[PDB]
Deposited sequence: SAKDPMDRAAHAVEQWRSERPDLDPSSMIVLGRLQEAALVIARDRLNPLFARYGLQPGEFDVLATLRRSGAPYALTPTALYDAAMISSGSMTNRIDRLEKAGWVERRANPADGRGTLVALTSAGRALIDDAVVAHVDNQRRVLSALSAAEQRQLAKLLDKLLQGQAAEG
């Protein structure tokens, strides 16, 4: 029994008037996102000098194609994750030398392009090791259920 199943068990015993079934799927969803970010993905980003969220900025710029420059709005719309503090992240990346602000565009530098080209290869190998417990069918199955849940919001 994991955190979520144990908690549901305690709730059934303590508040029998309650149907706490929904707590398992949502508790596991949030714990999986947290543990994977904290223990797997972010330590790899930090090996590359990237704080959480900064990889996404560079990745979005890189995969938009040459000249790897987007408006801050397009950067938010094309991000993998709709996380905030985008102005702070661009500022940090600029002082680090990986993006520059042109005209108003945010663009990879040569150094930033080189970094993300390196980091994305390490990132996808890391992701496959994160998902290796699930078979290919289970991974597609999990992607489909997550897409339905997301659209339901």
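The chain's deposited sequence has unresolved stretches at 1 to 5, 109 to 115, 166 to 169, with no C-alpha coordinates there.
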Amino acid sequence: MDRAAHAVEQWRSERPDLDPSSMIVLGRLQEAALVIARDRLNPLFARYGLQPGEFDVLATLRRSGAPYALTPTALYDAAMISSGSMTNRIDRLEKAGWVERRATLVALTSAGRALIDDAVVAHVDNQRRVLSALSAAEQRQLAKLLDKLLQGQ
From here on, numbers count along this sequence of modelled residues.
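Annotation for 24 to 32 versus 87 to 95: the higher mean temperature factor (C-alpha) is found in 87 to 95. Set 104 to 112 against 56 to 64 and average the Cα temperature factors; 104 to 112 ends up higher. In the deposited entry, the Cα temperature factor of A7 sits in the bottom third of values across the chain's modelled residues.
In the deposited entry, the Cα temperature factor of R128 sits in the middle third of values across the chain's modelled residues.
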